[PDB]
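Below, chains carry the letters A, B, ... as their sequence lines are ordered, and counting in each starts from 1. Below, all heavy atoms of this structure are taken into account, side chains as well, without hydrogens, waters or symmetry copies.
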Amino acid sequence: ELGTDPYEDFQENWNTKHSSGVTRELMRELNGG
Amino acid sequence: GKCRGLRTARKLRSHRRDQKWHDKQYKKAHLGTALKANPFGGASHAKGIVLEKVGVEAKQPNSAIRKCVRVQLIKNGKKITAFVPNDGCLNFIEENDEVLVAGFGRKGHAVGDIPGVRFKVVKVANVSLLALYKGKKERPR
Amino acid sequence: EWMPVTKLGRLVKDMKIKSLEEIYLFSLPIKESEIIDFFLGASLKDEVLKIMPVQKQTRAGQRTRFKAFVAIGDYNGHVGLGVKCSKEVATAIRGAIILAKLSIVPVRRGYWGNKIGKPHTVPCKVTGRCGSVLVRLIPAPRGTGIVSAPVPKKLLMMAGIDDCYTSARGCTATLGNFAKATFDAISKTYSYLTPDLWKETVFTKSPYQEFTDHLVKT
Amino acid sequence: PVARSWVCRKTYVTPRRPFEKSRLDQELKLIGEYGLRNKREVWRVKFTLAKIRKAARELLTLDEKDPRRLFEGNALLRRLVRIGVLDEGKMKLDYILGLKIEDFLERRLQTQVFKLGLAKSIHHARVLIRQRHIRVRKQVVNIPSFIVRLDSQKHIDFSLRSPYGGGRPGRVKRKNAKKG
Amino acid sequence: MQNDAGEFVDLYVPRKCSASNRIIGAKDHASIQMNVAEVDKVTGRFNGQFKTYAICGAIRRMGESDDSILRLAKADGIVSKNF
RNA sequence: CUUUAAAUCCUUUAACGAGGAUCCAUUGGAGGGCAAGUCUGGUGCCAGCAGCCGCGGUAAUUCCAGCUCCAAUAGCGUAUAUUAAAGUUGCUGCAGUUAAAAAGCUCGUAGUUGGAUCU
Ligand SMILES: [Mg+2]
Ligand SMILES: [Mg+2]
Ligand SMILES: [Mg+2]
Ligand SMILES: [Mg+2]
Ligand SMILES: [Mg+2]
Ligand SMILES: [Mg+2]
Ligand SMILES: [Mg+2]
Ligand SMILES: [Mg+2]
Ligand SMILES: [Mg+2]
Ligand SMILES: [Mg+2]
Ligand SMILES: [Mg+2]
Ligand SMILES: [Mg+2]
Ligand SMILES: [Mg+2]
Ligand SMILES: [Mg+2]
Ligand SMILES: [Mg+2]
Ligand SMILES: [Mg+2]
Ligand SMILES: [Mg+2]
Ligand SMILES: [Mg+2]
Ligand SMILES: [Mg+2]
């Protein structure tokens, strides 16, 4: 099952309260670390 | 520009010595007015007697009532507003008690929403607030 | 399938150019991304350095775009950097990867003391500038490692430098300028005239001039 | 005034950045591969290697004919060859900079007991050493961080008093035999 | 360039400008590698041999490539001495 | 037994001494800086947290708890003085048009500095 999309989360919450989280998630999706 | 002569050591040293006084922290540490005005007198901690309990309104945009205590130090007799940091710890302090007070963490500068408060309570009635909060020790009574 | 649109691409596809150093020797601009894939191939690894949202004020409200910084390298003497701004994150990342592998430069490596074995550090002190950011690279003894901030360290590792001392001045919180300054400093290694390069240059046939008859056919 | 000595020093240095992912991964890999108790044991060997590298780099700035360089680099190389990290053919002063922490980690008694087949695991080797089952050519050693010299490599065995090296059976065997 | 053993250790050897001796980098797109044909002294036709000059972009931006090429050709005997 | 003035401790040795081997490892955190959960239950700009940015006004990734997860480890938090970070005291090595800044202008003692030339 495909539950969470980091790209959508960042693009939607980049200016919200949960920005610092989603950015931190997006890097994990990109750099593999 | 600066002088680069071979015999200009006195000029350079004198200029640096005189221009060090325009540094805020060097002047604060070497002038003596701050040490005289410091209620602790340079100590890390102090002991005082709780004069009363007060509530300080948190600065905007935050809205809350920070519980504090007015105390009077034993060595010099100065009056100080100290913060009691925890959920419900103000019920561990009674009036006319003896408390240990330390700094707030910013070297005499106010921290957070609390205006003009730079001290916090550590131990009350010779027992630590952490032990009372975690229920490890009881009030002596 | 790859169909080149330039003479250099046709020469590379038809196996007329042996190595990328032939292209670097004649300072021929690279306009096709497939050449680097043909030469460097699997040794290339990339890493996203930053995703930065920028906004343009309009009548109805702000319009947001995302800028991706991607550094790439093969850890064996070549390094590149790319920046791409788009509406979507994935498109910007793909564009940044393409732009980074397009602008790939070689790195010259030297010795600190006795010249034994393979080179491990920069030939000399090199400085790069970008905005207010100044970055200085200094040779280091073998086994020292890279003494720098996290951002320049990744580019130095991807370039293939093992040991180096680093100095930096200016507002380095600007990640783009911080990366571009050290990229420029790394690029300046082959542009420094050292006494061991004082020999007179022997010229050679340019790939355009050498393979003109084959280019006429295709 | 007293007749005591106050000379002492620390054997490790803490890293500047407390939370660095790459450093944590590398240190945990080292701990897992060599069965170390904590991060401090890695930092101790790192400090030792740093001191050796600093001395070697300081001796490399002198002239080749300087008497102090010739006297002290020779001693440093001799000690490195003695402990086994260096080789006889690589006794130049530049090769010291080519040393890594794994070379020093390979010379501990804990890893040498495991590599010689006395133990079936590195953790088992540490347990055997700490429980007084291993002797070094005459002496029972129970310090895992013991650094084995080259000439002592052939002389690691079970202690004569150990149940494994021909000694009396242990507590559990005696109790179980008493049971039946 | 090379180690103590004498083995050459470099990716490539960059070429230098013929006018100013400066190194022509890999990203210098204003540099020129020009060839000048050689003629037979008897007939005047194309010999098949040529002389190669390389000019960096810094000189070209200064507008000094014309004089440099002229002097290089005069030194090689392509241009008449009584130019 | 040895140790010592006589002892103690360490070392050496008889006998007893581990399955929940209950012979139980703690101190701080889990938004970013900075390693690690927008999991569940409460509270509802209150209580509180927060070095800084900030969180909390009925779906709180930040408060009070449970579970789980991080870091160091017989050690770990807090307050204060001090060093590096600070090329934010700059001799190495900082700035002075507009971000803080060159005296309204000139003369001038001390100080600093001072053109070639001799085998
Ligand atoms: Mg002030
Ligand atoms: Mg608020
Ligand atoms: Mg800043
Ligand atoms: Mg805990
Ligand atoms: Mg919690
Ligand atoms: Mg944090
Ligand atoms: Mg993190
Ligand atoms: Mg604020
Ligand atoms: Mg709720
Ligand atoms: Mg909740
Ligand atoms: Mg300081
Ligand atoms: Mg410094
Ligand atoms: Mg300051
Ligand atoms: Mg300097
Ligand atoms: Mg400044
Ligand atoms: Mg002004
Ligand atoms: Mg004026
Ligand atoms: Mg005068
Ligand atoms: Mg003179």
message: Categorize D:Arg171 for me: base, sugar-phosphate, or nothing, with a 4.0 angstrom heavy-atom threshold over every strand shown.
response: base
query: Should the heavy atoms of other residues, nucleotides or ligands under 6.0 Å from OH of D:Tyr164 be counted, would the total exceed 12?
result: no
message: For the backbone of C:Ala140 and the side chain of C:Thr121, can you confirm whether one donor and one acceptor N or O come within less than 3.5 Å of each other?
response: yes
message: Base, sugar-phosphate or nothing for B:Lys136? Non-hydrogen atoms, less than 4.0 Å.
response: sugar-phosphate
task: Give B:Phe104 one of three labels, base, sugar-phosphate or nothing, depending on what nucleic acid heavy atoms sit under 4.0 Å from its own.
output: sugar-phosphate
field: Interatomic distance where NE2 belongs to B:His22 and P belongs to F:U89 [whole Å]
entry: 15 Å
message: Nearest whole Å is fine: how far is F:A95 P from B:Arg16 CZ?
response: 13 Å
- request: Describe the nucleic acid contact of D:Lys39 in one word from base, sugar-phosphate, nothing, applying a heavy-atom distance below 4.0 Å.
  value: sugar-phosphate
message: Nearest to the side chain of B:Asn62, heavy atoms from C-beta on, is which of F:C52, F:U89, F:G56?
response: F:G56
- request: Would you classify B:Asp23 as touching base, sugar-phosphate or nothing, given that sugar-phosphate means primed atoms plus P, OP1 and OP2, and contacts are heavy atoms under 4.0 Å?
  value: base
query: Between the side-chain atoms of B:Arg10 and the base atoms of F:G111, is any donor-acceptor pair under 3.5 Å?
result: no
query: Charged N to carboxylate O below 4.0 Å: is that the case for D:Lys21 and D:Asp25?
result: yes
message: Please pick, from F:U112, F:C49, F:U62, the nucleotide with the shortest atom-to-atom distance to any side-chain atom of A:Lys17.
response: F:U62
message: Over all strands shown, is B:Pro85 touching base, sugar-phosphate only, or nothing at heavy-atom distances under 4.0 angstrom?
response: sugar-phosphate
- request: Would you mind telling me which of F:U73, F:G37, F:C52 lies closest to the side-chain atoms of B:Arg106?
  value: F:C52
task: Look at all strands and tell whether B:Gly112 reaches a base, only sugar-phosphate, or nothing, counting heavy atoms closer than 4.0 Å.
output: base
- prompt: Atom CG of B:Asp113 and atom P of F:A50: how far apart are they, to the nearest Å?
  reply: 11 Å
- prompt: Quick one: do B:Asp97 and B:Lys123 make a salt bridge, cutoff under 4.0 Å?
  reply: no
